[PDB]
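Peer 1: Below is a structure I'd like to ask you about.
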Amino acid sequence: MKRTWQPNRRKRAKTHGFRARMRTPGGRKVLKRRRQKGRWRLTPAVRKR
Amino acid sequence: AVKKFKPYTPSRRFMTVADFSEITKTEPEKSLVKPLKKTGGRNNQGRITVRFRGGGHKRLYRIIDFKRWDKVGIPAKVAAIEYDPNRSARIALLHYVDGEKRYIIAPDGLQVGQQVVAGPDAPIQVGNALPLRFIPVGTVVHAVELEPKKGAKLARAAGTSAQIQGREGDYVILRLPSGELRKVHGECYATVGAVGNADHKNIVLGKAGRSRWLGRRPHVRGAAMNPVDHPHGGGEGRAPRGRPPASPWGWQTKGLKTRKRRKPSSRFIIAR
RNA sequence: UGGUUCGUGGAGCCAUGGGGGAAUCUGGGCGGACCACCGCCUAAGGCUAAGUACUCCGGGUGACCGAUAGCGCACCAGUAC
RNA sequence: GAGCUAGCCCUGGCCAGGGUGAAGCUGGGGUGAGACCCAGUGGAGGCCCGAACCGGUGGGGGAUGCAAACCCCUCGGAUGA
RNA sequence: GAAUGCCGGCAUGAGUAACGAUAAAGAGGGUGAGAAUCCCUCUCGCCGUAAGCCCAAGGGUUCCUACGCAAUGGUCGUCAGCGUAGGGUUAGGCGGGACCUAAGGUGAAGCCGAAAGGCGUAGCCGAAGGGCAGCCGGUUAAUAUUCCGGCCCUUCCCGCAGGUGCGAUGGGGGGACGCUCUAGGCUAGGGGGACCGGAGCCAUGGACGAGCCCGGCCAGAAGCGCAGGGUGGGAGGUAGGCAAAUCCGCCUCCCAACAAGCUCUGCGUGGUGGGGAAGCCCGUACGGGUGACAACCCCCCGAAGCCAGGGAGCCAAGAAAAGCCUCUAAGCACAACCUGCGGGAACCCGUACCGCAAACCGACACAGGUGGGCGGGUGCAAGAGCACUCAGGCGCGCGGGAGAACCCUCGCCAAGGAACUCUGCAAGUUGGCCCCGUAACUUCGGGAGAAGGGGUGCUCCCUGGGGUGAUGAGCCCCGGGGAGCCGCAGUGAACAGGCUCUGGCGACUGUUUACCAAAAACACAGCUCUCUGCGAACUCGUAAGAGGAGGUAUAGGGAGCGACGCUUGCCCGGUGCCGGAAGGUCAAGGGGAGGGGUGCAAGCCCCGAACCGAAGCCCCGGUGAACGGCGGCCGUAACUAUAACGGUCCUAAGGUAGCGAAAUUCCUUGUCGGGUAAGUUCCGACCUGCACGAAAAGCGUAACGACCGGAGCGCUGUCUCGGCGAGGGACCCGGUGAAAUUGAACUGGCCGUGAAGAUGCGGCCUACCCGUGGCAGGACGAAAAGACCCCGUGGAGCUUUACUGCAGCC
RNA sequence: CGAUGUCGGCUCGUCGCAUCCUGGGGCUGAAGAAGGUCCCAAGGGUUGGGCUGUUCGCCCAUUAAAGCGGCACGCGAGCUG
RNA sequence: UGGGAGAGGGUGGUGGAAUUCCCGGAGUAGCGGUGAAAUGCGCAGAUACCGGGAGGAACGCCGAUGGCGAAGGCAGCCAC
Ligand SMILES: [Mg+2]
Ligand SMILES: [Mg+2]
Ligand SMILES: [Mg+2]
Ligand SMILES: [Mg+2]
Ligand SMILES: [Mg+2]
Ligand SMILES: [Mg+2]
Ligand SMILES: [Mg+2]
Ligand SMILES: [Mg+2]
Ligand SMILES: [Mg+2]
Ligand SMILES: [Mg+2]
Ligand SMILES: [Mg+2]
Ligand SMILES: [Mg+2]
Ligand SMILES: [Mg+2]
Ligand SMILES: [Mg+2]
Ligand SMILES: [Mg+2]
Ligand SMILES: [Mg+2]
Ligand SMILES: [Mg+2]
Ligand SMILES: [Mg+2]
Ligand SMILES: [Mg+2]
Ligand SMILES: [Mg+2]
Ligand SMILES: [Mg+2]
Ligand SMILES: [Mg+2]
Ligand SMILES: [Mg+2]
Ligand SMILES: [Mg+2]
Ligand SMILES: [Mg+2]
Ligand SMILES: [Mg+2]
Ligand SMILES: [Mg+2]
Ligand SMILES: [Mg+2]
Ligand SMILES: [Mg+2]
Ligand SMILES: [Mg+2]
Ligand SMILES: [Mg+2]
Ligand SMILES: [Mg+2]
Ligand SMILES: [Mg+2]
Ligand SMILES: [Mg+2]
Ligand SMILES: [Mg+2]
Ligand SMILES: [Mg+2]
Ligand SMILES: [Mg+2]
Ligand SMILES: [Mg+2]
Ligand SMILES: [Mg+2]
Ligand SMILES: [Mg+2]
Ligand SMILES: [Mg+2]
Ligand SMILES: [Mg+2]
Ligand SMILES: [Mg+2]
Ligand SMILES: [Mg+2]
Ligand SMILES: [Mg+2]
Ligand SMILES: [Mg+2]
Ligand SMILES: [Mg+2]
Ligand SMILES: [Mg+2]
Ligand SMILES: [Mg+2]
Ligand SMILES: [Mg+2]
Ligand SMILES: [Mg+2]
Ligand SMILES: [Mg+2]
Ligand SMILES: [Mg+2]
Ligand SMILES: [Mg+2]
Ligand SMILES: [Mg+2]
Ligand SMILES: [Mg+2]
Ligand SMILES: [Mg+2]
Ligand SMILES: [Mg+2]
Ligand SMILES: [Mg+2]
Ligand SMILES: [Mg+2]
Ligand SMILES: [Mg+2]
Ligand SMILES: [Mg+2]
Ligand SMILES: [Mg+2]
Ligand SMILES: [Mg+2]
Ligand SMILES: [Mg+2]
Ligand SMILES: [Mg+2]
Ligand SMILES: [Mg+2]
Ligand SMILES: [Mg+2]
Ligand SMILES: [Mg+2]
Ligand SMILES: [Mg+2]
Ligand SMILES: [Mg+2]
Ligand SMILES: [Mg+2]
Ligand SMILES: [Mg+2]
Ligand SMILES: [Mg+2]
Ligand SMILES: [Mg+2]
Ligand SMILES: [Mg+2]
Ligand SMILES: [Mg+2]
Ligand SMILES: [Mg+2]
Ligand SMILES: [Mg+2]
Ligand SMILES: [Mg+2]
Ligand SMILES: [Mg+2]
Ligand SMILES: [Mg+2]
Ligand SMILES: [Mg+2]
Ligand SMILES: [Mg+2]
Ligand SMILES: [Mg+2]
Ligand SMILES: [Mg+2]
Ligand SMILES: [Mg+2]
Ligand SMILES: [Mg+2]
Ligand SMILES: [Mg+2]
Ligand SMILES: [Mg+2]
Ligand SMILES: [Mg+2]
Ligand SMILES: [Mg+2]
Ligand SMILES: [Mg+2]
Ligand SMILES: [Mg+2]
Ligand SMILES: [Mg+2]
Ligand SMILES: [Mg+2]
Ligand SMILES: [Mg+2]
Ligand SMILES: [Mg+2]
Ligand SMILES: [Mg+2]
Ligand SMILES: [Mg+2]
Ligand SMILES: [Mg+2]
Ligand SMILES: [Mg+2]
Ligand SMILES: [Mg+2]
Ligand SMILES: [Mg+2]
Ligand SMILES: [Mg+2]
Ligand SMILES: [Mg+2]
Ligand SMILES: [Mg+2]
Ligand SMILES: [Mg+2]
Ligand SMILES: [Mg+2]
Ligand SMILES: [Mg+2]
Ligand SMILES: [Mg+2]
Ligand SMILES: [Mg+2]
Ligand SMILES: [Mg+2]
Ligand SMILES: [Mg+2]
Ligand SMILES: [Mg+2]
Ligand SMILES: [Mg+2]
Ligand SMILES: [Mg+2]
Ligand SMILES: [Mg+2]
Ligand SMILES: [Mg+2]
Ligand SMILES: [Mg+2]
Ligand SMILES: [Mg+2]
Ligand SMILES: [Mg+2]
Ligand SMILES: [Mg+2]
Ligand SMILES: [Mg+2]
Ligand SMILES: [Mg+2]
Ligand SMILES: [Mg+2]
Ligand SMILES: [Mg+2]
Ligand SMILES: [Mg+2]
Ligand SMILES: [Mg+2]
Ligand SMILES: [Mg+2]
Ligand SMILES: [Mg+2]
Ligand SMILES: [Mg+2]
Ligand SMILES: [Mg+2]
Ligand SMILES: [Mg+2]
Ligand SMILES: [Mg+2]
Ligand SMILES: [Mg+2]
Ligand SMILES: [Mg+2]
Ligand SMILES: [Mg+2]
Ligand SMILES: [Mg+2]
Ligand SMILES: [Mg+2]
Ligand SMILES: [Mg+2]
Ligand SMILES: [Mg+2]
Ligand SMILES: [Mg+2]
Ligand SMILES: [Mg+2]
Ligand SMILES: [Mg+2]
Ligand SMILES: [Mg+2]
Ligand SMILES: [Mg+2]
Ligand SMILES: [Mg+2]
Ligand SMILES: [Mg+2]
Ligand SMILES: [Mg+2]
Ligand SMILES: [Mg+2]
Ligand SMILES: [Mg+2]
Ligand SMILES: [Mg+2]
Ligand SMILES: [Mg+2]
Ligand SMILES: [Mg+2]
Ligand SMILES: [Mg+2]
Ligand SMILES: [Mg+2]
Ligand SMILES: [Mg+2]
Ligand SMILES: [Mg+2]
Ligand SMILES: [Mg+2]
Ligand SMILES: [Mg+2]
Ligand SMILES: [Mg+2]
Ligand SMILES: [Mg+2]
Ligand SMILES: [Mg+2]
Ligand SMILES: [Mg+2]
Ligand SMILES: [Mg+2]
Ligand SMILES: [Mg+2]
Ligand SMILES: [Mg+2]
Ligand SMILES: [Mg+2]
Ligand SMILES: [Mg+2]
Ligand SMILES: [Mg+2]
Ligand SMILES: [Mg+2]
Ligand SMILES: [Mg+2]
Ligand SMILES: [Mg+2]
Ligand SMILES: [Mg+2]
Ligand SMILES: [Mg+2]
Ligand SMILES: [Mg+2]
Ligand SMILES: [Mg+2]
Ligand SMILES: [Mg+2]
Ligand SMILES: [Mg+2]
Ligand SMILES: [Mg+2]
Ligand SMILES: [Mg+2]
Ligand SMILES: [Mg+2]
Ligand SMILES: [Mg+2]
Ligand SMILES: [Mg+2]
Ligand SMILES: [Mg+2]
Ligand SMILES: [Mg+2]
Ligand SMILES: [Mg+2]
Ligand SMILES: [Mg+2]
Ligand SMILES: [Mg+2]
Ligand SMILES: [Mg+2]
Ligand SMILES: [Mg+2]
Ligand SMILES: [Mg+2]
Ligand SMILES: [Mg+2]
Ligand SMILES: [Mg+2]
Ligand SMILES: [Mg+2]
Ligand SMILES: [Mg+2]
Ligand SMILES: [Mg+2]
Ligand SMILES: [Mg+2]
Ligand SMILES: [Mg+2]
Ligand SMILES: [Mg+2]
Ligand SMILES: [Mg+2]
Ligand SMILES: [Mg+2]
Ligand SMILES: [Mg+2]
Ligand SMILES: [Mg+2]
Ligand SMILES: [Mg+2]
Ligand SMILES: [Mg+2]
Ligand SMILES: [Mg+2]
Ligand SMILES: [Mg+2]
Ligand SMILES: [Mg+2]
Ligand SMILES: [Mg+2]
Ligand SMILES: [Mg+2]
Ligand SMILES: [Mg+2]
Ligand SMILES: [Mg+2]
Ligand SMILES: [Mg+2]
Ligand SMILES: [Mg+2]
Ligand SMILES: [Mg+2]
Ligand SMILES: [Mg+2]
Ligand SMILES: [Mg+2]
Ligand SMILES: [Mg+2]
Ligand SMILES: [Mg+2]
Ligand SMILES: [Mg+2]
Ligand SMILES: [Mg+2]
Ligand SMILES: [Mg+2]
Ligand SMILES: [Mg+2]
Ligand SMILES: [Mg+2]
Ligand SMILES: [Mg+2]
Ligand SMILES: [Mg+2]
Ligand SMILES: [Mg+2]
Ligand SMILES: [Mg+2]
Ligand SMILES: [Mg+2]
Ligand SMILES: [Mg+2]
Ligand SMILES: [Mg+2]
Ligand SMILES: [Mg+2]
Ligand SMILES: [Mg+2]
Ligand SMILES: [Mg+2]
Ligand SMILES: [Mg+2]
Ligand SMILES: [Mg+2]
Ligand SMILES: [Mg+2]
Ligand SMILES: [Mg+2]
Ligand SMILES: [Mg+2]
Ligand SMILES: [Mg+2]
Ligand SMILES: [Mg+2]
């Protein structure tokens, strides 16, 4: 049937992107936690141009 | 007059459509003066606050003239009578000798090509707008301002009117379409005559679809819900309520008066 | 109403949101309701190291572990997944 | 976290082919004027049958399955909420 | 040594199940160490509004080539979407951006918020919506509308030439729009041809023939020709389009009333440029040569596509901005702008490949899902239906045999037809088109495909209409009439309703418990009550603010019922609600009678009675389509029986109409009638309504229903009562090879016993060791820390006149 | 209760006799036929339907007869539901 | 042709008495109704009176034992 994952690059970038996280204090705290943890990727990699 | 249908389908045997013979050969509307983009939206910044809205036909908004004191003395010729989707009444497109084109809410009896004007002058004729003071006591009137220079706000629905009852200092007494007796300031403008399209109350929607065309989503009863959603929710196989009938938000819906008591408007109202 | 051991208790003192609303040494706060005596301070202005807390980092030491232990990782790990 | 799902808003697209033939109009009949009645035109409808398409009615199978909702026949809507 | 313990390793089942659609395979010849599986050739099968092509999102080296098989592929593998390495993605015109705006977001001004932060006209961002200049062929192993060839355009910048007052984010026009139905002319596409161009071919009885079989186009400036879309032209006046405005708007006069003319599209023609089948020869994993100086002609069907801003009708009344045109202002008129012609400039980003699927979402080469465009012929009425089949792409990444039981799918059946069974569940009957002919009832539409009957093929003859050809031949559609021919059967195969009576419920189309319930549940038009006068009520929010609504009593919100017909009665004692400037009680506050604590005292500090104190409750009334409720006992009529009549007790009042053993009736299969041979079901009645009842509405209601119950005609493997056959599994051989479960096991029956149900204890009986296909009786079989029950001073969800609080309101 | 699936039907039976019929038999208020009751005896047989979920029961047509009970109110790793 | 009578019918207006209700003044021991009385309204201030406001209905005397029309029926006035 129709599963839950329906990929969309614009949706992924607009929803989980660096700028979206930077827009609000909760997301800035997300970036802080991932930085302290030593995450190689602070935000999901959305590709194509 | 109201259009009727033969029962060639169910829901077509009670369906009924308004008569559009007063709509002069002008069905599509006027640019320039109107239309504006009309923002469909059943809700606030986020949350729905009036339930069961949405859907229905797209609409262009006709930005009509509710303050006629702009063109005091300037007459205008009634050019057309058109259908307005954002209101129950019809709208009259009039051309001012000034050249400016405006829409007035179209009163009963208004004919195409007829002369209309607004001001303290103004013969007491259907269509003309005057301050309430210079209008004869007893004549019926519509598009009545509430406070001077604030715009027409009383009697604008199809077939409505208010009647002048008397005067009292700077105020005149109106009997509003509800039957309320109201003190309205003499300087308030109003245009003589009734609204017209008074057969609007006689139209039978006919089917659910027609309700949807007007953007009215289905309204579900509290009895049909659960106690989480309405105190009328549950219980078992049907229920007579079990308490004084209430809204979803807990307030009683049969008799509970709700206008605030200490409103400063109180000393201008006389009736129901 | 809050803090203090103080939970309305004889309930003060310190701060306040609010209504009223003084004075400048013979002026004012306090010594736990209050009054008198006797005593201690001088509000409604700001700055002030040290001694005190902690360990991202470096060093030293261990009746600390020794690859199912020890930090999640001794090994390109907050990675693969 | 509304890329599944529920609602709404903005903007796009899609619904093969057939039947039934509302109103209205033309002619005629009829009257004092009508109402009204016949044809011809007409193409209305949450209209009928029914592919795409949207469903999931009944049965069989499937049950460590092809499948963490499937498969075969049958069934509903199918210009409209 | 145990914790259904944790981590890791290895056994069990077990060489067992499965090897992932029944569309299908056979042979031969290559390569290789090794071929059912890789390569090539032939025979065969499958899809073909796809299982074929082209885009979009997603994926991200999968594309191509060379060298390879340790692992991945459900087996094999010389193979690949795998490994190693190299190569391949070319744009002024395609798409996105130095263009525009919508929802929405952001957001200077401004508003609000303990803080973080929230709203927010302008502006901005924001897109398969608007705007924008390109088509056809050839080349690579891989790119091409990108490279090349031909022809054609678009902007900018600089120059000359001719013209004009140029001239803004500003003013106006325009862009600018719905649904259905459509006319005219074209195109794409397709059918065809005695016409043209072709390598070829007479087979097996006949055919040298207008014989068979293949192909008979593509794009293309200017100017043309045809169809079509847009548009009136002037002269005065002007107070409006937020400055100005020659523009627009508006009034008055004149010629047009035409699409004449002006532009603007599409389509034919077109200088010119390309392509060019079948068959044959070759060596490819494929392409090339030739056929080729290829021909490139005439009819017919004809679109949902183009002219597209065409036309008509209808209500529910159908985006915005920029590009584009005009108008003017500051400024400037040696500027600048328009037209024509030259020379120059024209960036950044994607471009491979998959793409209904082995490359996207599904942990998998998963039977699931995925938007848009093309999607051919033939025939059946038709069509994107169904059957065959072009182009093409596939035979679904385990095979070989066998011919068991048994399972699934499919076919057939004597005689009977529902006797089966919860129930005709399933399956079977019917089935498309043409013609007759159809009842009760009804809201006059329907019920209607009622029911139910007849025709359906093929040949010959005569013959009526249309459309394209000129008023004709051909050609393309429809008919009418008359004779004949054949088979069991003529929509001969495929797609293509069983029929009828009655009732319950809901009026009807619809919605819903994704993943057991599609209904009598929700919704629905309609009806009633109530609130609400606009800073409306109500809702979200602390607020700002937003919805309501750029709406105004014919409008908006809440509640209930639920088309329609007929109707909705009594009770206001209680509750809710509404109306009541009287009275009672009633908090803070005021007021101080009076008393108290210290003081030598003025004084300071306390309590503190009357008395004035709101809302609310009490009290007075109304109000039931508001919350709710609407009795009992004894007597009486001249056959009995019954009680129209009477009496009494009580309540706030003592169910009327209508229906009734019902979706409600326990006793109950109430009792009679009807359906049957037989009727706890069903229908019509009586009323003794345990326990209907009038808007949580009552009684009916045409039609409608994948809703439920009953009954009959028709038809059957459902049944007496089974039998046979086909195939995919099962089974044997080769090959890859799971699982939950498992204290260990060397695990019989009976009668007893044991914690009350023994393979294991007692006695007897039976019994050589070990396997294979199997049936399920057992091992209280497996699977889930029982979901019913109880317990815990365990948890959660709900409502209320439980407690105590909070928002909110007075 | 860290699992023993529960009514009814279908299918497969099997066991006990305190026997529904068939066979032997005492008595009989046994003329005979047919009955009543009764001792012995299970070897076998013990119908098809309507109603209802029904076990049971009531009926229709029969028959020699239309038996009662146990086996986890036998039997869902056999089926139905 | 020339004149006459009439509530003939209709549409639009329009007048006064009176009823009921709301608002203010001032006024208080009941009003009301019937054959008799009670319900009821009235100490929350009624009936009675005055002032203004609202709304609907028919048309007091004229008026007649009158007139008009086919009938049912038709009445304050005005114009059409
Ligand atoms: Mg907001
Ligand atoms: Mg909101
Ligand atoms: Mg938001
Ligand atoms: Mg409007
Ligand atoms: Mg209107
Ligand atoms: Mg509802
Ligand atoms: Mg509910
Ligand atoms: Mg509730
Ligand atoms: Mg509640
Ligand atoms: Mg429930
Ligand atoms: Mg109940
Ligand atoms: Mg309730
Ligand atoms: Mg109740
Ligand atoms: Mg009120
Ligand atoms: Mg409220
Ligand atoms: Mg109030
Ligand atoms: Mg405290
Ligand atoms: Mg304190
Ligand atoms: Mg104390
Ligand atoms: Mg204290
Ligand atoms: Mg203070
Ligand atoms: Mg102090
Ligand atoms: Mg002190
Ligand atoms: Mg002290
Ligand atoms: Mg200081
Ligand atoms: Mg280790
Ligand atoms: Mg470790
Ligand atoms: Mg979504
Ligand atoms: Mg399509
Ligand atoms: Mg008609
Ligand atoms: Mg139709
Ligand atoms: Mg329909
Ligand atoms: Mg239908
Ligand atoms: Mg259909
Ligand atoms: Mg559905
Ligand atoms: Mg489906
Ligand atoms: Mg199904
Ligand atoms: Mg199944
Ligand atoms: Mg159907
Ligand atoms: Mg252990
Ligand atoms: Mg162990
Ligand atoms: Mg132990
Ligand atoms: Mg375990
Ligand atoms: Mg094993
Ligand atoms: Mg094997
Ligand atoms: Mg086996
Ligand atoms: Mg086995
Ligand atoms: Mg096997
Ligand atoms: Mg398989
Ligand atoms: Mg071979
Ligand atoms: Mg070979
Ligand atoms: Mg070799
Ligand atoms: Mg795209
Ligand atoms: Mg992937
Ligand atoms: Mg790879
Ligand atoms: Mg190779
Ligand atoms: Mg390999
Ligand atoms: Mg392998
Ligand atoms: Mg596999
Ligand atoms: Mg290879
Ligand atoms: Mg490849
Ligand atoms: Mg590779
Ligand atoms: Mg640039
Ligand atoms: Mg640049
Ligand atoms: Mg752009
Ligand atoms: Mg931009
Ligand atoms: Mg923009
Ligand atoms: Mg906006
Ligand atoms: Mg928004
Ligand atoms: Mg922005
Ligand atoms: Mg914001
Ligand atoms: Mg905004
Ligand atoms: Mg576009
Ligand atoms: Mg473009
Ligand atoms: Mg390619
Ligand atoms: Mg070109
Ligand atoms: Mg100019
Ligand atoms: Mg200019
Ligand atoms: Mg310009
Ligand atoms: Mg503009
Ligand atoms: Mg514009
Ligand atoms: Mg044509
Ligand atoms: Mg062509
Ligand atoms: Mg053609
Ligand atoms: Mg041809
Ligand atoms: Mg042809
Ligand atoms: Mg030749
Ligand atoms: Mg021969
Ligand atoms: Mg041939
Ligand atoms: Mg040919
Ligand atoms: Mg041309
Ligand atoms: Mg022309
Ligand atoms: Mg001029
Ligand atoms: Mg002008
Ligand atoms: Mg101006
Ligand atoms: Mg040409
Ligand atoms: Mg060639
Ligand atoms: Mg090839
Ligand atoms: Mg189309
Ligand atoms: Mg048009
Ligand atoms: Mg059009
Ligand atoms: Mg616009
Ligand atoms: Mg702009
Ligand atoms: Mg100037
Ligand atoms: Mg100047
Ligand atoms: Mg490319
Ligand atoms: Mg490509
Ligand atoms: Mg493909
Ligand atoms: Mg598919
Ligand atoms: Mg597709
Ligand atoms: Mg698939
Ligand atoms: Mg997959
Ligand atoms: Mg596969
Ligand atoms: Mg699809
Ligand atoms: Mg086609
Ligand atoms: Mg076809
Ligand atoms: Mg064909
Ligand atoms: Mg055909
Ligand atoms: Mg057909
Ligand atoms: Mg198509
Ligand atoms: Mg098909
Ligand atoms: Mg092929
Ligand atoms: Mg396979
Ligand atoms: Mg058959
Ligand atoms: Mg048979
Ligand atoms: Mg037969
Ligand atoms: Mg029969
Ligand atoms: Mg039966
Ligand atoms: Mg049987
Ligand atoms: Mg049945
Ligand atoms: Mg069946
Ligand atoms: Mg048949
Ligand atoms: Mg058929
Ligand atoms: Mg059938
Ligand atoms: Mg037939
Ligand atoms: Mg009949
Ligand atoms: Mg009949
Ligand atoms: Mg009739
Ligand atoms: Mg019927
Ligand atoms: Mg009919
Ligand atoms: Mg028939
Ligand atoms: Mg001709
Ligand atoms: Mg012809
Ligand atoms: Mg025959
Ligand atoms: Mg077929
Ligand atoms: Mg059919
Ligand atoms: Mg039949
Ligand atoms: Mg029925
Ligand atoms: Mg009935
Ligand atoms: Mg019944
Ligand atoms: Mg229904
Ligand atoms: Mg239907
Ligand atoms: Mg469900
Ligand atoms: Mg879910
Ligand atoms: Mg689920
Ligand atoms: Mg669920
Ligand atoms: Mg289900
Ligand atoms: Mg259904
Ligand atoms: Mg009504
Ligand atoms: Mg609020
Ligand atoms: Mg607000
Ligand atoms: Mg607002
Ligand atoms: Mg608005
Ligand atoms: Mg309303
Ligand atoms: Mg409502
Ligand atoms: Mg209801
Ligand atoms: Mg009625
Ligand atoms: Mg009632
Ligand atoms: Mg009632
Ligand atoms: Mg009632
Ligand atoms: Mg009450
Ligand atoms: Mg009551
Ligand atoms: Mg009360
Ligand atoms: Mg009250
Ligand atoms: Mg009080
Ligand atoms: Mg006090
Ligand atoms: Mg003293
Ligand atoms: Mg009361
Ligand atoms: Mg007697
Ligand atoms: Mg009595
Ligand atoms: Mg009593
Ligand atoms: Mg009665
Ligand atoms: Mg009964
Ligand atoms: Mg009965
Ligand atoms: Mg009887
Ligand atoms: Mg009976
Ligand atoms: Mg039965
Ligand atoms: Mg009775
Ligand atoms: Mg009831
Ligand atoms: Mg009752
Ligand atoms: Mg009721
Ligand atoms: Mg009902
Ligand atoms: Mg009924
Ligand atoms: Mg009903
Ligand atoms: Mg009915
Ligand atoms: Mg249904
Ligand atoms: Mg339905
Ligand atoms: Mg039958
Ligand atoms: Mg069978
Ligand atoms: Mg059988
Ligand atoms: Mg037999
Ligand atoms: Mg077989
Ligand atoms: Mg094997
Ligand atoms: Mg035992
Ligand atoms: Mg032993
Ligand atoms: Mg033993
Ligand atoms: Mg075995
Ligand atoms: Mg088995
Ligand atoms: Mg067993
Ligand atoms: Mg055992
Ligand atoms: Mg067991
Ligand atoms: Mg557990
Ligand atoms: Mg447990
Ligand atoms: Mg348990
Ligand atoms: Mg229970
Ligand atoms: Mg307790
Ligand atoms: Mg508890
Ligand atoms: Mg909870
Ligand atoms: Mg248990
Ligand atoms: Mg335990
Ligand atoms: Mg256990
Ligand atoms: Mg167990
Ligand atoms: Mg167990
Ligand atoms: Mg039991
Ligand atoms: Mg049972
Ligand atoms: Mg015995
Ligand atoms: Mg015997
Ligand atoms: Mg005997
Ligand atoms: Mg005897
Ligand atoms: Mg005997
Ligand atoms: Mg025996
Ligand atoms: Mg025996
Ligand atoms: Mg039976
Ligand atoms: Mg029967
Ligand atoms: Mg026996
Ligand atoms: Mg037995
Ligand atoms: Mg028992
Ligand atoms: Mg039993
Ligand atoms: Mg039994
Ligand atoms: Mg079972
Ligand atoms: Mg069972
Ligand atoms: Mg068992
Ligand atoms: Mg099983």
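Residues in the structure tokens are named by chain (A, B, ... in the order shown) and by number from 1 within that chain; ligands are numbered from 1 in the order shown.
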Residues within 12 Å of region 47-64 of chain C, please, as a list in words. Count only C-alpha atoms (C1' of nucleotides); anything in the same chain fewer than 4 positions from it doesn't count.

Peer 2: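 Answer for this query is residues 36 of chain A; 69 and 70 of chain C.
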
Peer 1: Emit the selected residues as a PDB file, in the first residue's frame, including C-alpha atoms (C1' of nucleotides).

Peer 2:
ATOM      1  CA  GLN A  36      28.196  18.977  21.462  1.00  0.00           C
TER       2      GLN A  36
ATOM      3  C1'   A C  69      35.911  -4.634  31.914  1.00  0.00           C
ATOM      4  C1'   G C  70      37.148   0.482  31.379  1.00  0.00           C
TER       5        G C  70
END

Peer 1: At a cut-off of 8 Å around ligand 131, and using only C-alpha atoms (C1' of nucleotides) and all ligand atoms, what residues come up? Please write them as a PyMOL selection string.

Peer 2: chain E and resi 424-428

Peer 1: Can you check which residues of chain A have any atom within 8 Å of chain C? Use only C-alpha atoms (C1' of nucleotides) and format it as a VMD selection string.

Peer 2: chain A and resid 37 to 39

Peer 1: Suppose you want the space between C1' of residue 203 (chain E) and atom 1 (Mg, counted along the ligand's line) of ligand 88; what is it in Å?

Peer 2: 7.1 Å

Peer 1: Check which residues fall inside 12 Å of ligand 55 when counting only C-alpha atoms (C1' of nucleotides) and all ligand atoms, and print them as an NGL selection string.

Peer 2: :E and (60-62 or 72 or 80-84 or 359)

Peer 1: Go through the chains and note each residue within 10 Å of ligand 68, using only C-alpha atoms (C1' of nucleotides) and all ligand atoms, then give the set as JSON, numbers by chain.

Peer 2: {"B": [39], "E": [101, 102, 103, 104, 105, 320]}

Peer 1: Taking C-alpha atoms (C1' of nucleotides) for each residue, export the selection above as a PDB file, in the first residue's frame.

Peer 2:
ATOM      1  CA  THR B  39      -9.576  35.511   0.876  1.00  0.00           C
TER       2      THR B  39
ATOM      3  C1'   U E 101       2.600  37.676  -8.470  1.00  0.00           C
ATOM      4  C1'   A E 102      -1.249  33.537  -4.919  1.00  0.00           C
ATOM      5  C1'   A E 103      -2.075  30.760  -0.686  1.00  0.00           C
ATOM      6  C1'   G E 104       1.296  30.944   3.044  1.00  0.00           C
ATOM      7  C1'   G E 105       5.719  32.726   5.158  1.00  0.00           C
ATOM      8  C1'   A E 320      -3.203  38.390  -8.544  1.00  0.00           C
TER       9        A E 320
END

Peer 1: Name each residue within 10 Å of ligand 177, counting only C-alpha atoms (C1' of nucleotides) and all ligand atoms, as a PyMOL selection string.

Peer 2: chain E and resi 597-601

Peer 1: Which residues form the shell of 9 Å around ligand 39 when you count only C-alpha atoms (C1' of nucleotides) and all ligand atoms, given as a list in words?

Peer 2: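 Every residue with an atom at most 9 Å from ligand 39 is listed here: residues 49, 75 and 76 of chain D; 497 of chain E.
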
Peer 1: Produce as number ranges by chain the set of residues near ligand 37, where near means within 9 Å with only C-alpha atoms (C1' of nucleotides) and all ligand atoms considered.

Peer 2: D: 56-59, 74-75
